[PDB]
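Examining the three-dimensional arrangement
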Amino acid sequence: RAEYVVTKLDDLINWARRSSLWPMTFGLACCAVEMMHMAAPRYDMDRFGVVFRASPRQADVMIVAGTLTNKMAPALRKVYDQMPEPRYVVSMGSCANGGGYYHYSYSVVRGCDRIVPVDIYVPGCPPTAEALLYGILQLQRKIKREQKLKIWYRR
Amino acid sequence: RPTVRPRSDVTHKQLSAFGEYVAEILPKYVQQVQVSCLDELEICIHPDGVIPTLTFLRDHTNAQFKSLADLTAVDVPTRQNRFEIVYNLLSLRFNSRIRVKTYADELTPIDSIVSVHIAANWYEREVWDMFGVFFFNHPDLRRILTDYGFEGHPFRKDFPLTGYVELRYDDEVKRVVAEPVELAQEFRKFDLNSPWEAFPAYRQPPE
Amino acid sequence: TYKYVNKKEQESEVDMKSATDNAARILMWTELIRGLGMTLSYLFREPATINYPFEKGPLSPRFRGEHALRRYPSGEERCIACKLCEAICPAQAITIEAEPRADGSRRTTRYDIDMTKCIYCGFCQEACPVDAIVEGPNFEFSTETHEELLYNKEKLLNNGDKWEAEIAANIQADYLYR
Amino acid sequence: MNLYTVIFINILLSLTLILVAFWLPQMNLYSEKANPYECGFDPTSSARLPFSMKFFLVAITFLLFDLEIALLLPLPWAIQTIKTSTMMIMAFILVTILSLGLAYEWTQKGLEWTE
Amino acid sequence: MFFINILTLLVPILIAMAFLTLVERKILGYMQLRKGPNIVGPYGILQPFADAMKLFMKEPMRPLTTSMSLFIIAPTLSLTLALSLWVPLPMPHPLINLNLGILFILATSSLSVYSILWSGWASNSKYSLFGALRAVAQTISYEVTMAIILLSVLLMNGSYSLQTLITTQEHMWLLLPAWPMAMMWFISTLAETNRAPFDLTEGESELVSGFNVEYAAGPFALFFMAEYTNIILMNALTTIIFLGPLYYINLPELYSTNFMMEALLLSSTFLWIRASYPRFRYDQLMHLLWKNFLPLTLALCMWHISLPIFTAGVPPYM
Amino acid sequence: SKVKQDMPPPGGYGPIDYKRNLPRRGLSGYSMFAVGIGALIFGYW
Ligand SMILES: COC1=C(OC)C(=O)C(C/C=C(\C)CC/C=C(\C)CC/C=C(\C)CC/C=C(/C)CC/C=C(/C)CC/C=C(\C)CC/C=C(\C)CC/C=C(\C)CC/C=C(/C)CCC=C(C)C)=C(C)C1=O
Ligand SMILES: CCCCCCCCCCCCCCCCCC(=O)OC[C@H](COP(=O)([O-])OCC[N+](C)(C)C)OC(=O)CCCCCCCCCCCCCCCCC
Ligand SMILES: CCCCCCCCCCCCCCCCCC(=O)OC[C@H](COP(=O)(O)OCCN)OC(=O)CCCCCCCCCCCCCCCCC
Ligand code: SF4
Ligand code: SF4
Ligand code: SF4
């Protein structure tokens with residue numbers, strides 16, 4: 001059966017992409033402070049296989065952690081575009097989710113989903129490092145659910 | 001009284017004496033000298049005397065205020081000169097703080113004090129960016145906090161809280177584009193003013 | 001008072017033994033070997049990492065998590081449509097449209113809390129006079145869309161019914177401080 | 001022939017790896033993706049302008065010292081000589097004049113990265 | 001049978017460097033009061049395979065402002081030079097026995113530097129240019145120091161071969177006769193491998209990624225494989241040259257085991273150094289080498305010229 | 001019901017070290033240079 005072989009191959013590639021998630025060394029604010037608290041020895045993302053890389057060319061997921069300013073937004077869009085193709089976005093905190101405390105500001109993009117397509121929204125101000133790790137594992141499950149080879153085979 | 005602060009009339013008297021001292025040293029520029037009940041000395045001067053007043057306070061022997069703490073502006077859009085430019089100065093030698101006030105309008109610039117304090121460079125850039133108060137003889141006076149193509153000075157009272165434009169990614173032009181602002185929520189202003197006065201000490205005389 | 005961090009008091013002169021000690025420090029890399037020993041000791045220590053989804057991090061009964069609307073033990077909703085939680089909400093994240101109910105009680109028809117706008121400050125739960133709105137301990141409620149974080153009254157009442165076994169215990173452990 | 005085969009096998013392995021890397025995944029190429037990086041902003045220059053390195057004298061000295069290395073390298077066969085006294089004297093003189101050149105450059109601040 | 005020998009040299013080296021990545025992550029974690037990966041494998045042993053599959057299933061993302069020929073040539077060049085450098089090592093019998101083995105090692109290392117330079121210049125970006133220039137400075141300093149060190153040590157040895165190094169260290173190590181040369185050679189191997197303290201070519205803090213800042217997945221994995229293979233190789237060369245394993249003609253398995261143990265110890269020493277120390281400035285690395293190691297190694301080269309003459313301990317030609 | 005509050009113990013808390021504490025160890029310079037020279041001479045012989 002070609003369906004079974006294609007499903008198992010797709011599960012293999014999803015396992016690889018979810019076991020090796022490389023976020024970018026990119027944060028903006030207090031939410032990025034909690035992001036490096038998720039990098040801290042307690043909730044070891046490197047134990048989870050999640051390790052920061054500075055360049056967007058070696059990154060897999062942008063963790064938008066902070067307030068996306070109007071002046072910042074072209075930089076964030078350029079940095080996201082410069083990623084290679086299997087790229088994900090985890091919005092983190094109320095600022096990146098929907099503006100948060102600075103929703104009615106003249107200089108704040110009301111949510112980073114106006115700029116980049118967001119895969120996972122993590123609520124909080126700040127969300128705890130445990131909550132960000134929860135969002136990371138939820139992203140891992142989300143890309144475990146993907147069926148690219150099966151959609152291609154039935155295409 | 002365990003819920004009320006102490007007063008320190010001694011430092012109130014000291015600041016009053018120093019206010020007399022500065023006001024008689026510089027009568028050409030000083031328009032008002034006041035000391036608050038919080039023991040803070042404010043000297044309100046003419047805009048032409050910003051450089052001599054700040055130089056005197058930077059290096060006078062009895063008034064060494066060599067550190068500039070703050071430089072800000074307050075938009076009061078009911079007076080003729082709608083911007084009050086405020087300098088908060090620190091004296092490490094005498095362990096004191098002074099406040100110097102001047103005024104401006106949208107078309108009356110003030111001489112920059114970068115030649116006196118170097119922090120005034122970025123502080124006056126911020127004042128120009130947020131209030132539109134131009135500064136004479138400022139090296140590279142430009143915006144510091146707004147977006148690059150931003151129009152208007154947002155800390156003014158007549159500028160809206162949400163601004164006039166907002167940014168979004170457009171896939172047709174593949175850019176981050178600016179649109180007129182359209183809120184899905186419309187920030188609700190609250191009239192949180194009691195119709196009964198709270199402080200009879202500040203009751204203004206009737207018109 | 002004050003102290004110096006890099007100033008030295010007088011000098012230790014020049015001596016053959018002290019010169020030999022400094023020469024051995026430079027040539028034999030003694031402080032580098034000392035740093036190696038320090039991180040070796042850290043290698044042989046026990047790591048502080050917890051197994052995350054099975055061992056959760058410690059918390060407190062004061063913890064601000066996911067919002068919830070509570071009920072009386074009779075089952076009646078505690079909220080009385082008084083709107084002062086949205087008056088004190090520093091992010092304007094609450095919308096409390098209300099009308100008299102069929103039995104004439106003062107209740108809400110729309111109670112929306114924008115979790116993407118909320119700053120999770122607990123001002124609503126400390127302002128509420130009937131302990132209706134609370135911030136319970138749920139923090140693992142991340143969603144895959146922006147819309148799922150725009151809560152309404154049904155969602156908040158469902159959270160209150162879900163977490164009441166924990167929220168009531170936390171309020172019992174906490175209410176004497178507040 | 002053996003070393004040639006191993007060299008060609010390693011080259012073919014690297015080529016096979018990069019061919020797999022280029023023909024395996026899915027491509028989605030557009031302009032903003034393939035623009036140069038420059039930390040999230042458009043580059044001001046073209047990254048081909050003159051760079052003006054600061055250790056040029058050290059680089060030329062490295063050329064001269066590399067050729068002094070080439071002179072010094074036949075010593076393991078030189079110590080097998082039948083004379084060994086002129087060999088020892090010549091090696092001493094060579095190392096001494098190399099060290100004298102290094103000392104003179106150090107004194108004249110040649111290896112100090114003039115800005 | 002020779003192709004089978006090539007496979008039994010190449011495949012274990014690649015698995016060894018992948019698990020070197022695993023060992024590096026775990027050792028750095030346990031020195032950082034955390035763990036390493038322990039979820040992907042039973043004890044994290046599948047983590048390098050997951051990383052490799054993810055990197056080879058991401059797109060390579062050829063850029064616009066980029067000399068494509070050099071951009072493609074450089075990582076393949078780096079990997080093939082790492083394996084070619086692995087070729088002539090004896091454990092205790094090399095795959096390819098070379099008379100001028102050390103000279104071959106030096107030439108291949110310099111060509112690997114050229115791979116880094118061509119990648120940095122081809123990826124037409126400012127951070128890549130910065131990384132390439134830092135690589136130029138670094139290789140200037142360590143090249144002159146390494147050449148002098150190897151000259152003096154192999155003057156204590158006989159020819160430029162490595163089985164001769166085994167027979168020289170049959171009775172005693174070379175660490176005890178020349179330990180300052182061993183210290184300077186260890187520092188020079190760090191500089192050659194571009195490892196901490198003075199990495200400075202993939203400087204994550206001064207630059208973004210150095211010469212890999214435009215390399216997306218694929219050829220970036222090739223560069224990483226070449227770097228870590230070079231790490232294991234420089235440690236292996238250090239233990240062959242200086243910490244001579246026990247050699248017996250009847251059985252070579254204890255030689256291979258001793259070589260394995262000492263190479264593992266020196267690789268863990270590299271990870272230890274990375275955990276311990278901060279980064280140099282790349283002018284400070286040049287100043288450090290050219291002002292401390294180069295005069296001392298010139299003097300010690302002169303001392304090792306004089307030593308077999310006045311002790312009559314000139315090594316044999318063969 | 002007496003007033004119960006978060007308070008220190010009646011004798012106060014114990015001493016807390018806060019000054020810099022470095023072990024101050026290692027061999028002397030003469031010993032290290034002597035063992036290095038001895039290793040050199042033994043290896044040369
Ligand atoms: C107050 O102000 C502020 C700041 O200022 C202080 C900020 O900073 C700031 C920004 C804040 C942030 C961005 C927070 C981010 C967090 C941090 C900066 C701190 C976290 C720590 C670090 C970044 C340092 C990490 C340190 C480490 C030691 C971790 C190790 C990391 C590494 C990259 C090295 C190890 C390597 C890897 C992880 C990958 C290795 C694996 C591979 C490449 C695999 C390759 C292998 C192969 C290809 C093998 C294939 C071959 C085979 C034969 C295999 C066979 C396969 C088969 C399938 C059979 C903000 C916003 C801010 O407000
Ligand atoms: C391979 C075998 C193992 C090797 C050692 C591996 C484990 C130890 C690793 C330690 C950490 C290394 C990480 C990188 C460190 C980089 C910094 C560094 O090392 O800088 C070099 C430092 C530099 O120190 P520095 O830079 O601080 O010096 C100050 C100099 N100025 C002021 C000009 C800047 O030390 C050296 O250069 C010393 C090199 C070794 C010297 C050895 C001398 C031996 C004795 C000779 C004979 C003495 C007797 C004389 C004759 C008597 C006759 C009777
Ligand atoms: C991506 C492109 C990469 C291009 C660059 C490739 C670099 C390869 C690795 C680095 C090589 C550096 C130079 C090494 C030269 C050989 C060293 C040596 O000593 O060779 C001599 C040796 C036999 O000499 P000896 O040890 O004295 O033995 C006599 C008794 N036993 O052995 C011999 O006599 C064998 C002579 C041949 C050995 C080298 C074979 C190279 C083959 C060509 C490779 C490149 C081809 C072009 C590109 C292909 C497409 C990409
Ligand atoms: S959501 Fe809160 S914690 Fe996060 S960046 Fe905004 S203000 Fe900071
Ligand atoms: S926690 Fe604070 S920001 Fe959130 S709904 Fe309550 S009052 Fe508003
Ligand atoms: S939740 Fe509480 S504070 Fe808010 S409207 Fe209801 S009763 Fe009032």
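Residue labels used throughout are counted from 1 along each chain in written sequence order rather than taken from the entry, whose numbering may differ, and residues without coordinates are not included. A letter from A marks each chain and a number from 1 marks each ligand, given out in the order of writing. The full assembly is larger than what is shown, and all values describe the shown chains rather than the whole. Side-chain calculation: all heavy atoms of the structure are included, whereas hydrogens and water are not. Residues with missing side-chain atoms are left out of burial classes, side-chain pairs and their counts.

Structure determination for this PDB entry is given in the record as cryo-EM, at a resolution of 3.0 Å.

A few points about the overall build of chain E
Secondary structure elements follow DSSP: runs of H or I of four or more residues count as helices, runs of E of two or more count as strands, with numbering from the N terminus. If you tally the helices and strands in chain E, you get 10 helices and 0 strands. Start at the N end of chain E and walk to the C end: the helices and strands fall as α-α-α-α-α-α-α-α-α-α. Values of the radius of gyration come from C-alpha atoms, whereas the globule rule sets the reference at 2.2 Å times the count of residues to the power 0.38. Rg of the C-alpha trace for chain E: 20 Å, near the compact-globule value of 20 Å for 318 residues, within the 12% margin. The dimensions of chain E, computed from C-alpha atoms along their principal axes, are 65 × 45 × 40 Å. The buried share among the 318 residues of chain E stands at 65%. Should any heavy atoms of two residues lie within 4.5 Å, those residues are considered in contact. Contacts in chain E between residues at least 24 apart in sequence constitute 77% of all its contacts with a sequence separation of at least 6. Note on areas: Shrake-Rupley with a 1.4 Å probe; residue coverage comes only from the protein chains shown. For chain E, the accessible area works out to roughly 10900 Å², and carbon and sulfur atoms hold 71% of it. In this charge count, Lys and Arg are treated as positive and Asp and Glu as negative; neither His nor the chain ends contribute. Taken as the charge location is NZ of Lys, CZ of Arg, CG of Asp or CD of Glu. For chain E, the centre of its 14 positive side-chain charges and the centre of its 15 negative side-chain charges are spaced 10 Å apart. Each residue gets one of three labels from its accessible area relative to the maximum for its type: buried under 20%, exposed over 50%, partly exposed in between, using a 1.4 Å probe on protein chains only.

Regarding the arrangement of the chains
Among the 9 pairs of chains that make contact, the interface with the largest number of contacts is formed by chains D and E. There is a clear gap between chain A and chain F: no contact, and 25 Å between their nearest C-alpha atoms. Spatially, chain D and chain F are disjoint, and the shortest separation between their C-alpha atoms is 17 Å.

Observations regarding the site of ligand 5
When we say a residue is near a molecule or strand, we mean one of its heavy atoms is within 4 Å of it. The environment of ligand 5 is formed by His 67, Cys 89, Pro 90, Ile 94, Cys 118, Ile 119, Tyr 120, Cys 121, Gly 122, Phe 123, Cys 124 and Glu 135 of chain C. Here the nonpolar group is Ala, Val, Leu, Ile, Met, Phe, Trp, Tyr, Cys and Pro; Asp, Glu, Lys and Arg are the charged ones; every other residue, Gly included, is treated as polar. Of the residues belonging to the shell around ligand 5, the class tally is 9 nonpolar, 2 polar and 1 charged.

Here's the deal with the packing of aromatic side chains
By convention, a stacked pair of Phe, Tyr or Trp rings (six-membered ring in the case of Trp) has centres within 6.5 Å and planes under 30 degrees apart, an edge-to-face pair has planes over 60 apart, and any other such pair is tilted. Evaluated as defined, the whole model comprises 37 aromatic pairs over all chains. Note on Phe 134 of chain B and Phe 136 of chain B: the rings are 5.8 Å apart at their centroids and 85° apart in plane angle, and the pair reads as edge-to-face. Taking relative accessible area as the criterion, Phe 134 of chain B reaches 36% and is therefore assigned partly exposed. Taking the relative accessible area as the measure of exposure, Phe 136 of chain B reaches 37% and is therefore partly exposed. Chaining the aromatic ring pairs together yields one cluster made of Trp 22 of chain A together with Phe 220, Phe 224 and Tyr 228 of chain E. Positioned above the aromatic ring of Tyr 148 of chain B, the side-chain terminus of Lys 71 of chain A is 4.6 Å from the ring centre. Positioned above the aromatic ring of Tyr 42 of chain C, the side-chain terminus of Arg 45 of chain C is 3.7 Å from the ring centre. To sit over a ring, a charge needs its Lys NZ or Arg CZ within 6 Å of the ring centre and within 35 degrees of the ring normal.

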